[PDB]
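So this one's protein-v7.cif, mmCIF, C-alpha atoms:
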data_coords
loop_
_atom_site.label_atom_id
_atom_site.label_comp_id
_atom_site.auth_asym_id
_atom_site.auth_seq_id
_atom_site.Cartn_x
_atom_site.Cartn_y
_atom_site.Cartn_z
CA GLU T 152 -10.60 -7.26 -20.30
CA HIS T 153 -10.11 -4.40 -17.84
CA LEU T 154 -13.24 -2.61 -19.03
CA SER T 155 -15.33 -5.78 -18.73
CA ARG T 156 -14.00 -6.53 -15.25
CA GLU T 157 -14.76 -3.03 -13.96
CA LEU T 158 -18.23 -3.19 -15.53
CA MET T 159 -19.05 -6.42 -13.70
CA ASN T 160 -17.71 -5.19 -10.36
CA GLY T 161 -19.90 -2.11 -10.70
CA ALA T 162 -22.93 -4.29 -11.39
CA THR T 163 -22.42 -6.42 -8.28
CA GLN T 164 -21.89 -3.37 -6.07
CA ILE T 165 -25.05 -1.69 -7.39
CA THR T 166 -27.25 -4.73 -6.82
CA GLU T 167 -26.00 -5.21 -3.26
CA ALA T 168 -26.63 -1.56 -2.38
CA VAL T 169 -30.13 -1.82 -3.87
CA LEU T 170 -30.91 -4.82 -1.67
CA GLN T 171 -29.58 -3.09 1.45
CA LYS T 172 -31.64 0.07 1.04
CA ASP T 173 -34.83 -1.96 0.57
CA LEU T 174 -34.00 -3.93 3.72
CA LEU T 175 -33.56 -0.73 5.72
CA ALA T 176 -36.74 0.84 4.36
CA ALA T 177 -38.86 -2.26 5.06
CA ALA T 178 -38.02 -2.60 8.78
CA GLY T 179 -40.80 -3.80 11.06
CA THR T 180 -39.56 -3.07 14.59
CA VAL T 181 -38.02 0.40 14.86
CA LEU T 182 -36.35 1.95 17.91
CA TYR T 183 -35.12 5.53 18.18
CA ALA T 184 -32.24 6.08 20.56
CA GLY T 185 -32.96 8.74 23.11
CA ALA T 186 -36.22 10.67 23.18
CA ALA T 187 -36.76 10.94 19.41
CA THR T 188 -40.06 9.77 17.95
CA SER T 189 -39.43 10.47 14.25
CA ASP T 190 -36.49 10.92 11.89
CA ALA T 191 -36.81 14.69 12.22
CA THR T 192 -36.45 14.61 16.00
CA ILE T 193 -33.00 13.00 16.32
CA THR T 194 -30.72 15.63 17.84
CA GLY T 195 -27.21 15.41 19.22
CA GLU T 196 -27.50 18.42 21.55
CA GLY T 197 -29.62 18.83 24.65
CA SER T 198 -30.28 17.12 27.95
CA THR T 199 -30.75 13.77 26.18
CA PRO T 200 -28.75 13.36 22.96
CA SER T 201 -29.94 10.63 20.61
CA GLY V 256 -14.41 -28.41 -44.86
CA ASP V 257 -12.05 -30.99 -43.31
CA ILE V 258 -11.29 -31.19 -39.59
CA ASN V 259 -7.85 -32.70 -40.23
CA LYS V 260 -6.83 -29.63 -42.24
CA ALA V 261 -7.65 -27.22 -39.40
CA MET V 262 -4.66 -25.24 -38.16
CA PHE V 263 -5.94 -24.66 -34.62
CA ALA V 264 -8.76 -25.37 -32.18
CA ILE V 265 -9.43 -23.43 -28.97
CA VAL V 266 -11.54 -24.68 -26.05
CA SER V 267 -12.59 -23.03 -22.79
CA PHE V 268 -13.15 -25.30 -19.80
CA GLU V 269 -13.66 -24.91 -16.05
CA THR V 270 -11.12 -26.27 -13.56
CA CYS V 271 -10.12 -25.75 -9.95
CA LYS V 272 -6.67 -25.48 -8.39
CA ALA V 273 -6.69 -29.09 -7.20
CA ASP V 274 -7.15 -30.32 -10.77
CA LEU V 275 -4.04 -28.43 -11.87
CA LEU V 276 -2.13 -29.58 -8.77
CA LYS V 277 -2.91 -33.21 -9.66
CA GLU V 278 0.07 -32.99 -12.07
CA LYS V 279 2.47 -30.47 -10.54
CA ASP V 280 5.34 -30.99 -12.99
CA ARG V 281 3.06 -30.28 -15.95
CA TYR V 282 2.12 -26.70 -15.03
CA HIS V 283 4.24 -23.63 -14.29
CA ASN V 284 3.47 -20.19 -12.85
CA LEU V 285 0.61 -21.28 -10.59
CA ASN V 286 1.43 -18.68 -7.94
CA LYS V 287 0.83 -15.70 -10.24
CA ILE V 288 -2.73 -16.82 -11.04
CA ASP V 289 -5.49 -14.52 -9.77
CA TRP V 290 -8.24 -16.93 -8.75
CA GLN V 291 -10.67 -14.16 -7.78
CA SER V 292 -10.50 -12.25 -11.07
CA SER V 293 -10.97 -15.19 -13.48
CA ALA V 294 -14.25 -16.51 -12.09
CA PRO V 295 -16.86 -17.64 -14.66
CA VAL V 296 -18.91 -14.55 -13.80
CA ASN V 297 -16.17 -12.30 -15.20
CA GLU V 298 -15.95 -14.02 -18.57
CA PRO V 299 -19.16 -13.71 -20.62
CA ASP V 300 -17.94 -15.67 -23.64
CA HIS V 301 -17.88 -18.98 -21.79
CA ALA V 302 -21.37 -20.50 -21.90
CA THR V 303 -22.18 -22.53 -18.80
CA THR V 304 -24.99 -23.60 -16.49
CA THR V 305 -23.17 -22.57 -13.30
CA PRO V 306 -25.15 -19.92 -11.38
#

Encoded form (structure tokens):
Amino acid sequence: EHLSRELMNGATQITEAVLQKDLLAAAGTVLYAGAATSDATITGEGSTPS
Amino acid sequence: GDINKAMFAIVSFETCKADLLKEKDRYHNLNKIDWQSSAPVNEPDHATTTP
């Protein structure tokens, strides 16, 4: 019983994480805080931190 | 080959807490029941049409 319960909890967690990552990757309107224009530009140090 | 000679029969059915509370004197140890852990999704053996 314990093994089956843990198996099912793992399955639900995995499927929810899979949905969330697809949602994040398929975003249409994207804003970068600060002066960044790409994922590589985000920086926490400088005149304008992101 | 005869139903009347059977020693035991075991059935699995779906109920809610209100159904059990309909006859309070009949049932004991309701407070210890884990309602989250015994959902139909946990038990594969029960065959049902519930999503």

Hits from the PyMOL selection byres ((chain V) within 10 of (chain T)), listed as a PyMOL selection string: chain V and resi 292-293+296-299

Output C-alpha atoms of each residue in that selection to a file, as a compact mmCIF listing (two decimals), keeping the file's coordinate frame.
# COMPACT_ATOMS: atom_id res chain seq x y z
CA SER V 292 -10.50 -12.25 -11.07
CA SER V 293 -10.97 -15.19 -13.48
CA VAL V 296 -18.91 -14.55 -13.80
CA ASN V 297 -16.17 -12.30 -15.20
CA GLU V 298 -15.95 -14.02 -18.57
CA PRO V 299 -19.16 -13.71 -20.62

Please put the answer as AutoDock Vina command-line options: centre and edge lengths, in Å with one decimal, of a box along x, y and z that encloses all listed atoms of region 159-174 of chain T plus 3 Å on each side.
--center_x -26.3 --center_y -3.2 --center_z -5.0 --size_x 23.1 --size_y 12.5 --size_z 23.4

Hits from the PyMOL selection byres ((chain T and resi 200) around 12), listed as a PyMOL selection string: chain T and resi 183-187+192-199+201

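Taking CA of residue 268 (chain V) and CA of residue 165 (chain T) as endpoints, the distance between them is 29.2 Å.
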
Polymer residues at most 12 Å from residue 288 (chain V), all atoms listed in the file, same-chain spacing of 5 or more positions, as a VMD selection string: chain V and resid 271 to 272 275 282 to 283 293 to 294

Pairwise distance for CA of residue 154 (chain T) and CA of residue 300 (chain V), rounded to one decimal in Å: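 Distance between the two atoms: 14.6 Å.
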
Distance query residue 267 (chain V) at most 8 Å, only C-alpha atoms, self and fewer than 2 positions along chain excluded, as a PyMOL selection string: chain V and resi 265+269+301

Residues from the last selection, C-alpha atoms, saved as a PDB file, keeping the file's coordinate frame:
ATOM      1  CA  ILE V 265      -9.430 -23.430 -28.970  1.00  0.00           C
ATOM      2  CA  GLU V 269     -13.660 -24.910 -16.050  1.00  0.00           C
ATOM      3  CA  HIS V 301     -17.880 -18.980 -21.790  1.00  0.00           C
TER       4      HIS V 301
END

Between CA of residue 304 (chain V) and CA of residue 274 (chain V), distance in Å (one decimal): 19.9 Å

Some atoms are absent from region 170-188 of chain T, so rebuild N, CA, C and O atoms and return them as a compact mmCIF listing (two decimals), keeping the file's coordinate frame.
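part_29.txt was written with the following content:
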# COMPACT_ATOMS: atom_id res chain seq x y z
N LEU T 170 -30.29 -3.94 -2.65
CA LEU T 170 -30.91 -4.82 -1.67
C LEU T 170 -30.86 -4.20 -0.27
O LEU T 170 -31.85 -4.26 0.47
N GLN T 171 -29.73 -3.62 0.10
CA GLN T 171 -29.58 -3.09 1.45
C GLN T 171 -30.55 -1.96 1.73
O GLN T 171 -31.13 -1.88 2.83
N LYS T 172 -30.74 -1.05 0.77
CA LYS T 172 -31.64 0.07 1.04
C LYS T 172 -33.08 -0.39 1.19
O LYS T 172 -33.83 0.13 2.03
N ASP T 173 -33.49 -1.39 0.41
CA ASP T 173 -34.83 -1.96 0.57
C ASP T 173 -34.99 -2.61 1.94
O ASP T 173 -36.02 -2.46 2.59
N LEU T 174 -33.96 -3.35 2.38
CA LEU T 174 -34.00 -3.93 3.72
C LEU T 174 -34.20 -2.86 4.79
O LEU T 174 -35.03 -3.01 5.69
N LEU T 175 -33.43 -1.77 4.71
CA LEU T 175 -33.56 -0.73 5.72
C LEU T 175 -34.93 -0.07 5.67
O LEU T 175 -35.50 0.25 6.72
N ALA T 176 -35.47 0.14 4.47
CA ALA T 176 -36.74 0.84 4.36
C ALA T 176 -37.92 -0.03 4.79
O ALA T 176 -38.98 0.48 5.16
N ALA T 177 -37.76 -1.36 4.72
CA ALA T 177 -38.86 -2.26 5.06
C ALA T 177 -38.79 -2.80 6.48
O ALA T 177 -39.31 -3.90 6.72
N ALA T 178 -38.17 -2.09 7.42
CA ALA T 178 -38.02 -2.60 8.78
C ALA T 178 -39.36 -2.64 9.50
O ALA T 178 -40.22 -1.78 9.30
N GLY T 179 -39.54 -3.65 10.35
CA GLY T 179 -40.80 -3.80 11.06
C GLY T 179 -40.77 -3.24 12.47
O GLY T 179 -41.69 -2.53 12.88
N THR T 180 -39.74 -3.58 13.24
CA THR T 180 -39.56 -3.07 14.59
C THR T 180 -38.51 -1.98 14.57
O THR T 180 -37.35 -2.24 14.24
N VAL T 181 -38.90 -0.76 14.94
CA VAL T 181 -38.02 0.40 14.86
C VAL T 181 -37.89 1.02 16.24
O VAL T 181 -38.89 1.26 16.92
N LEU T 182 -36.65 1.27 16.66
CA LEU T 182 -36.35 1.95 17.91
C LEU T 182 -35.55 3.21 17.60
O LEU T 182 -34.64 3.17 16.77
N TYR T 183 -35.90 4.30 18.26
CA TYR T 183 -35.12 5.53 18.18
C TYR T 183 -34.36 5.72 19.48
O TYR T 183 -34.97 5.74 20.55
N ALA T 184 -33.04 5.84 19.38
CA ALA T 184 -32.24 6.08 20.56
C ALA T 184 -32.57 7.43 21.16
O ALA T 184 -32.80 8.41 20.44
N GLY T 185 -32.60 7.49 22.49
CA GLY T 185 -32.96 8.74 23.11
C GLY T 185 -34.46 8.98 23.09
O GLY T 185 -35.28 8.05 23.08
N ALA T 186 -34.83 10.26 23.08
CA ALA T 186 -36.22 10.67 23.18
C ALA T 186 -36.86 10.97 21.83
O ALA T 186 -37.98 11.49 21.80
N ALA T 187 -36.19 10.67 20.72
CA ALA T 187 -36.76 10.94 19.41
C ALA T 187 -37.95 10.03 19.14
O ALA T 187 -38.00 8.89 19.60
N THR T 188 -38.92 10.55 18.39
CA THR T 188 -40.06 9.77 17.95
C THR T 188 -40.24 9.76 16.44
O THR T 188 -41.14 9.08 15.94
